[PDB]
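Colleague: Let me see the structure of the following:
(chains A, B, C, D, E, F, G, H, I and J)
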Amino acid sequence: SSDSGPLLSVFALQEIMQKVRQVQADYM
Amino acid sequence: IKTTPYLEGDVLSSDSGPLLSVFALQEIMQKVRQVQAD
Amino acid sequence: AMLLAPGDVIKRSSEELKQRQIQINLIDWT
Amino acid sequence: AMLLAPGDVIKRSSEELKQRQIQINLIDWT
Amino acid sequence: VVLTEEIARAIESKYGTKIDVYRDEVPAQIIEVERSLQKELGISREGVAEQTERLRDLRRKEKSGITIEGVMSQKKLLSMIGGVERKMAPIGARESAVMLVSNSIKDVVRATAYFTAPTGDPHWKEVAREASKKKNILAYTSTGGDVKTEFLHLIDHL
Amino acid sequence: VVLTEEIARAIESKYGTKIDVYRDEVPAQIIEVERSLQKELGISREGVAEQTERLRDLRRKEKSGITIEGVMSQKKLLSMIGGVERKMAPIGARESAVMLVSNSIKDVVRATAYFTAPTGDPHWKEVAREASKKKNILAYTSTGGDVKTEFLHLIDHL
Amino acid sequence: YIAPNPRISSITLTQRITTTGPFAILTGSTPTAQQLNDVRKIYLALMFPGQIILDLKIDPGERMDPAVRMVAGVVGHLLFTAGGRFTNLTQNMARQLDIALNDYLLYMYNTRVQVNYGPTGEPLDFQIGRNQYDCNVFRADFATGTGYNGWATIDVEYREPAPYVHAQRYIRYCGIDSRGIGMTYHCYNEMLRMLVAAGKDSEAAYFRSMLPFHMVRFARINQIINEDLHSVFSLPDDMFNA
Amino acid sequence: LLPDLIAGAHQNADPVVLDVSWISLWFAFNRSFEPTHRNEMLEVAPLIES
Amino acid sequence: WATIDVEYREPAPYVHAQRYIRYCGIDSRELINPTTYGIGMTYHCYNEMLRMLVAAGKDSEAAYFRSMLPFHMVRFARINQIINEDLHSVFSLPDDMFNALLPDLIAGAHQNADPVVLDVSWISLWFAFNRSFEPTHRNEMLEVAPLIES
Amino acid sequence: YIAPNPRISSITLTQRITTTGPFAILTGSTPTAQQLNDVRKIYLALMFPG
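Modeller: Numbering: from 1, shown residues only, chains lettered A, B, ... in the order given. Dropping the coordinates below:
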């Protein structure tokens, strides 16, 4: 399909925060 | 909060045992008894 | 770039358009 | 190194141990 | 058809002749290649074994009671196929530099060029005026006669 | 079975196909090798000679009154054998770093590790206790389920 | 006493023992009362740096796989602190840990790499890796403490006049303060440098993942000394320095 | 960045890793991006960062 | 063949035996594990042996030897380890006599303490290569010896 | 004294068809006490080469 800057920024930030939450799964 | 399990002979257990202060007293007293023990 | 063309010639040449894989938006005027 | 394992699981897996050519000392409790 | 894909790909390399391979469908006609044309094309020594074993399998099939005949020369094979290719045929990234051609009224803001011809559209006057109002636009016109060939030429060339 | 150990060792070195050698047992199927596959496998001239004397002895046998067929291609030979090897396979010094596993009580002085699981042994409680009395011992436990797979995996890894 | 990840001991053993090696063999073991008592002994030694020193329980009746001593030598370098202004180990124990790490760095069972030894037979007197990187630093020296958590990192400082006029010092482990996510320190970074030079990427990733547990545990211990233990019976500052 | 990665111990702001699947690589080759038109906010950005 | 087996590393504790021994080029310091070592490397003399045999066209013995190699390597690896570690003692023969052993034999007339010879049979050599020693645990009287010789 | 893995031992079963090989003389016998003493003192010489 198509893509754009704002939506893609929200996208990539969402997966970065997902990975960071996986990091803090060890953070009790 | 409970401590992580540690095996007791053949069966797992999770008891905290005696208090750390009491353990330190007994360890120091036994050590100095060994020092004097001759 | 994009282009605007009349609906009748689009309807007549739509086979060439799909053979060349171009995108089209059309409004049939009944 | 040496290992101590219960007699029942030694009896159940004695074919693998003899296939691997390991030494076993066992007491059967009848 | 020919007895192997190896020969078909080899003659694809030599000229580009797309020739099918027999897969036990019908009592059809089969071509085969002997030592002369094998030495001509330079097939590896492995494929001669495959072709000869297929030939002796057909021999066994015949003895169990389908047509097979062989080609001897390159000129005979050229007459046999009946076609000579045009060598290279490069393919570009896309068919045309124009990606989209439409008619909708909401796309006049984003459109960049327009061709005009006498048409029976209720909104052709409106879309033509709106496209002409722009400060820098690419307008083309018809001059009668055949419009389809002109538009096809323009859409290939633009 | 194949006519000679020379062909057997050649095909063993090329793939590792363990095909047996004819020793006059039964009226079975016999596989032989002709010029193309001889040139492929690169046998010395002595083995090809030997195969020839063997074939002519079989022709003499069938005139004096067992089925013999020859394979033409490597693809046909592979399909005829029905097996391809995986290479690799090195043999080590010993199977596991643990030489011995036991259950007696006399060897607790020399033992170094012990795995525990619910078992019906009259002396398991005892031996587990006197094994755990050590200051540095390697103890493992079961977590239910299939304990046999756990024990075998552990004894492979140790 | 809590594991870094709770309940991981009760999952199946085949999951936990992933592969082969000394660390893989060691993982999957479970402790008993003797090791629990020794662990709380270690923690008490950590809680009292200026009064408690440690040494090994060596007996002629020992017999076990060398991997346990090997891992102990590997991990005591990060766990204990030496040099700087206070020490927690004897010279003999530091020497034994150093020779154990020498044994580990020379232990090679997956891949064979080049080795360049030094003039003497001292432990760690060699150069390793595709790039020549010196491992002789981790040899124990109480003048600065290169091989332990006193290596080029501050550990004691002063903030405000204390209510007790002989205990002005603040004792901070790994240079961090309670008043931290993802922060590292010099000794740990150089240990990871050593391990990536040795090419032991399994335990490189293992320690890289295990960092936060170490950091939070040492922060908790730091808090325990700097808050709860402030009393009249604390050692005077001059005697602690001397 | 690269010498830090080959040294194996980062001192400053580290790069970021992400997860992809096997068929994603073939899909990445067989698809291609193509810019339609420039960003709406492209021209005015210097005022924002200033 | 084409290797060195004598090295003078450091001032060893027993000054009368400051020498180091390595068979087949295997270093003693690199401790190994029998399950993973001995595969993938070969030494010099064995390399000429195998190349000579495969040139001669013998193949059963070649396969047998190239398969049996890890047993040989683990045996002489442990042999190097035990000859360098355990047998170091004050009663070890000194470096001077060790240097002089070979010239004495090539001279044919002994003047000091001569070596000792033993007789063995043919099948014993094959059994020697088919078997290997493996140290279980160290000697009981190992660590206390310096008091005895003192 | 440890014995090697018996995966190599199939060579003596191959020797049935390949009877011409003098290798291993189709060994299936347990050695005697004097042979064990011989190999023991061979390995003693290996322990003490000089």
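
Colleague: Do a quick rundown of the helices in chain G.
Modeller: Using DSSP state H, the helices of chain G run over G:13-16, G:22-26, G:33-47, G:66-79, G:91-106, G:186-198, G:201-223, G:237-241.

Colleague: Please report how far the closest residue to residue E:100 other than its chain neighbours lies from residue E:70.
Modeller: Excluding the flanking residues, the one nearest residue E:100 by Cβ to Cβ, 6 or more residues apart in numbering or on different chains is residue C:23, at 4.1 Å. Just so you know, the C-beta spots here come from the backbone N, C-alpha and C atoms, and that holds for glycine as well. Applying Cβ to Cβ, to the nearest Å, the value for residue C:23 to residue E:70 is 53 Å.

Colleague: now residue E:94, nearest residue through space, not along the chain?
Modeller: residue C:21 (7.6 Å).

Colleague: what sits against residue E:145?
Modeller: Residue E:145 sits next to no residue when contact means Cβ atoms under 8 Å, 6 or more residues apart in numbering or on different chains.

Colleague: Could you count how many residues lie near the residue of chain H found nearest chain D?
Modeller: Residue nearest to chain D within chain H: residue H:8 (33.2 Å; Cβ to the nearest Cβ). When neighbours are counted by other Cβ atoms under 10 Å in any protein chain shown, residue H:8 registers 17.

Colleague: My guess is it contacts residue G:207. True?
Modeller: No: Residue H:8 is beyond contact range of residue G:207, at 11.4 Å (criterion: Cβ atoms under 8 Å).

Colleague: Overlap of the contact sets of those two?
Modeller: G:192, G:195.

Colleague: Enumerate the residues of chain G near chain D.
Modeller: G:64-65 (Cβ under 8 Å from any Cβ of the partner chain).

Colleague: what do you get if the cut-off is 7 Å, keeping everything else the same?
Modeller: residue G:65 (Cβ under 7 Å from any Cβ of the partner chain).

Colleague: For chain G, give the residue positioned nearest to chain D.
Modeller: Closest point on chain G to chain D, by Cβ to the nearest Cβ, is residue G:65, at 4.8 Å.

Colleague: gap between the residue lying closest to that residue once chain neighbours are set aside and chain A?
Modeller: Excluding its sequence neighbours, the residue lying closest to residue G:65 (Cβ to Cβ, 6+ apart) is residue D:1, at 4.8 Å. Computed with Cβ to the nearest Cβ, to the nearest Å, the distance linking residue D:1 and chain A is 33 Å.

Colleague: Give me the neighbour count for residue D:1.
Modeller: Neighbour number of residue D:1 under other Cβ under 10 Å is 18.

Colleague: Likewise for residue B:5?
Modeller: Neighbour count for residue B:5, taken as other Cβ under 10 Å: 18.

Colleague: again, but for residue G:65
Modeller: 19.

Colleague: Is it in contact with residue F:112, as I believe?
Modeller: Yes: between residue G:65 and residue F:112 there is a contact at 6.4 Å, judged by Cβ atoms under 7 Å.

Colleague: what residues are shared contacts of those two?
Modeller: D:1, F:138 (Cβ atoms under 7 Å, 6 or more residues apart in numbering or on different chains).

Colleague: a helix runs through residue E:128, doesn't it?
Modeller: Yes: applying DSSP: H, G, I helix; E, B strand; the rest coil, one finds residue E:128 inside a helix.

Colleague: quick one, longest helix in chain E?
Modeller: Criterion DSSP H: the longest helix present in chain E is helix E:45-63.

Colleague: Only the buried residues of that one, if you could.
Modeller: E:47-54, E:58 (16 or more other Cβ atoms under 10 Å in any protein chain shown).

Colleague: What about chain C: which of those residues touch it?
Modeller: Near chain C, by the rule Cβ under 7 Å from any Cβ, you find none of the buried residues of helix E:45-63.

Colleague: Chain I contacts on chain A?
Modeller: Counting by Cβ under 7 Å from any Cβ, no residue of chain A sits close to chain I.

Colleague: Show the residue spans covered by the helices in chain A.
Modeller: All helices of chain A, identified by DSSP H, fall at A:5-24.

Colleague: Report the closest residue of it relative to chain D.
Modeller: For chain A, Cβ to the nearest Cβ, closest residue to chain D: residue A:26, 33.1 Å.

Colleague: tell me the SS of the most centrally placed residue in chain B?
Modeller: Centroid check for chain B by Cα atoms, centre = their mean gives residue B:23 as the closest residue, at 5.4 Å. With three-state DSSP as the basis, residue B:23 sits in helix.

Colleague: How much space separates the closest residue to it other than its chain neighbours from residue J:39?
Modeller: Computed as Cβ to Cβ, 6+ apart, the closest residue to residue B:23 that is not its neighbour in sequence is residue G:40, at 6.2 Å. Distance, residue G:40 to residue J:39, using Cβ to Cβ: 54 Å.

Colleague: Strands along chain H, start to end?
Modeller: Per DSSP state E, chain H carries no strands over any range.
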